[PDB]
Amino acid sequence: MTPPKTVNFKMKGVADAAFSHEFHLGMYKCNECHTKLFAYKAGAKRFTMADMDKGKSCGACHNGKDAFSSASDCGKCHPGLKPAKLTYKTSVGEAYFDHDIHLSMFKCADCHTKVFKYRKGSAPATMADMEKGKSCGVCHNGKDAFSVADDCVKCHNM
């Protein structure tokens, strides 16, 4: 018999999530999660990220105190939701967006989903759009973060 295996959560329309028994077993024993938090049966009891904020499922520990909050860092549990360096193909060459640099100042919620969706290429914007406050322009306005009005080389390889 082998230890419980890594669990895969299949969601239609959403990037799958994963749970590592091995990693958590380095900290807990079976009864700390079974059966108050999760059952031992193949019986589903599907939860939402909301239920988690309400202390259920992964949220029982991933609350910002016991373990990192399940409200952010989606890429830690959702492999497909991993923030990466983005490259845009524009009419004047490539433009880039580095998540890592921004993650040293903001949390996922600061941009997702009010400003951007977790999907590149969704709502394309022109620099003019940005100058009016859209896309990067929401912050890069020369008052909060540096403006998009000049120093194109900051984001462009022209």
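Residues carry their position along the shown sequence, with the first being 1.
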- According to the deposited model, is the average Cα temperature factor higher in 52-60 or in 88-96? 52-60
- Query: As stated in the PDB record, which stretch has the larger average Cα B-factor, 129-137 or 64-72?
  - Reply: 64-72
- Note on the structure: Max C-alpha B-factor within the set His34, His102, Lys45, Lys29 falls on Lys45
- Note on the structure: Among the modelled residues of its chain, the C-alpha B-factor of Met1 falls in the third labelled highest
- Consider only the C-alpha atoms of the modelled residues in this chain, order them by B-factor as the entry records it, and name the third containing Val7: lowest, middle or highest. middle
- By the entry's values, the third containing the CA B factor of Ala17 is the middle
